[PDB]
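Presented below is the structure to which this report refers.
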Amino acid sequence: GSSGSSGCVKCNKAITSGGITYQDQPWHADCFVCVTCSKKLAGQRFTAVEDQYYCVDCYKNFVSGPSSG
Ligand SMILES: [Zn+2]
Ligand SMILES: [Zn+2]
């Protein structure tokens, strides 16, 4: 029984009958979270950066921080 669909691009798991699609790509509500605090970006206001996606929470801190590294 070969059971393994492509699914999203994050966790690579089939998308339920109520997920989300970004940039013509299969994404999940949990996978569509910032690569920092893992916040639900879907529906909320987020910023897509060439590198990765950051929620208004992290973004603000990134664009406006004391020291990056
Ligand atoms: Zn996923
Ligand atoms: Zn975040």
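For the sequence shown, the entry's author numbering begins at 1 and goes up steadily by one. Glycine included, each C-beta is placed from N, C-alpha and C at the ideal position.
Start and end residues, alpha helix (DSSP H) containing residue i
i	result
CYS58	56–63
Top-ranked residue by Cα proximity to residue i, from the options
i	options	result
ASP30	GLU50, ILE15 and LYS60	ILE15
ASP51	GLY1, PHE62 and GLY4	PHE62
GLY43	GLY69, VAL35 and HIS28	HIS28
N- and C-terminal bounds of the beta strand (DSSP E) containing residue i
i	result
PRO66	Where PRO66 is concerned, there is no enclosing beta strand (DSSP E), given that its DSSP letter is neither H nor E.
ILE20	20–22
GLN25	25–27
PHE32	Neither: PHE32 is in no beta strand (DSSP E) and is coded neither H nor E.
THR47	46–48
Buried or exposed (CB count within 10 angstroms, at least 16 for buried), residue i
i	result
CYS37	exposed
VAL33	buried
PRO26	buried
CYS55	buried
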